[PDB]
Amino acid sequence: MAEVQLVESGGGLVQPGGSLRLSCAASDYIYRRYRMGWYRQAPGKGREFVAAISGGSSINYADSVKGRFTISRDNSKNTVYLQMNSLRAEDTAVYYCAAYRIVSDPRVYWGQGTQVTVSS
């Protein structure tokens, strides 16, 4: 059998113009072959794409974060990072890591989310 685990950290409270760095640590099964993405959801709104990496396609960013957020990964730690710069109040949301491999797995795996609050 294989273990599936996604662990997010790095959320917190900052002011407009501030910055954060989120991390998503994945089990080996997931990290070696799945596309890994960040999504976010504010209360009352739908969940939306932020950025993604790996899984056989190139890095992709949502329009609303291009140039301000940067996704990367460290194979020695099985971890994906989201460097978040120039934060705006409208970036306030729960940020979720997700893993998906649509050619071979009918399941999307989600972390439980980390809260990002941008408030003056």
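All residue numbers refer to positions in the sequence shown, first residue = 1.
Asks: According to the deposited model, is the average Cα temperature factor higher in 61-69 or in 25-33?
Replies: Mean C-alpha B-factor is greater for 25-33.
Asks: Quick one: classify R40 as lowest, middle or highest third of the chain based on its Cα B-factor.
Replies: Answer is lowest: the recorded C-alpha B-factor places it there.
Asks: So where's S76 on the chain's Cα temperature factor ranking, which third?
Replies: Within its chain, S76 is a highest-third residue by C-alpha B-factor, going by the deposited values.
Asks: When the modelled residues of the chain are sorted by Cα temperature factor, does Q15 land in the lowest, middle or highest third?
Replies: Top third by C-alpha B-factor.
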